[PDB]
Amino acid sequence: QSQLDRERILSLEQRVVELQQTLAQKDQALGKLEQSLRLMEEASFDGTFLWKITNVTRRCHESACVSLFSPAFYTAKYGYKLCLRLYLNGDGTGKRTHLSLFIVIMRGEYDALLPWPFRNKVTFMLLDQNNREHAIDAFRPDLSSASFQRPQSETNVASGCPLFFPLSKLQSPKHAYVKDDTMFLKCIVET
């Protein structure tokens, strides 16, 4: 009677530990359901996307001493799926000069019905928040690069403007590219 009541208390201990672990993976299942919902909210479907970057100097320091991806957006509800990739202290020819800003073609659930290569011309803006003089760059994709044909990974490799904006000019009194430690980047894809 004694040792059997002991075995019962011990299987209760094991069933409590087990419930603790099942509870943990229902919580992160809940987590990325939450993120699924967030990317639904942040997403645009007209080919204009606006990227609010908070805590700006913190992540610039951390870039100095790595790369950020935007929430996904779309050229149309049934068009191309894109996101942005931002190097706060630069990449490529702008390894430490500039903000380096690229588009990433992602694989969309309808890629079978769209033209390949992605040819759409892309316009990037760093928004001046007090004046209206935004810093603007633009390009048409280098045709057929493995950045721009149809993805067989969930993202192609990024392509764009590695010298989109130099860090020196970033906090000049003449503009407000950063305000309250926040920067706004705007991307316009033509449809």
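Position 1 is the first residue in the sequence shown; the rest follow in order.
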| property | result |
| --- | --- |
| Residues of the deposited sequence that sit between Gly31 and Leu30 yet are not modelled | none |
| Mean temperature factor over C-alpha atoms, higher-scoring stretch between 122 to 130 and 161 to 169 | 161 to 169 |
| Residue range whose averaged C-alpha B-factor is higher in the record, 56 to 64 or 148 to 156 | 56 to 64 |
| Candidate residues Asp142, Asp46, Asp137, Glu42, the one whose C-alpha B factor the record puts highest | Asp142 |
| Where the record places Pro71 (Cα B-factor, split into thirds across the chain) | lowest |
| Among modelled residues of the same chain, the CA temperature factor third for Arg96 | highest |
| Chain thirds of CA B-factor: placement of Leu10 | highest |
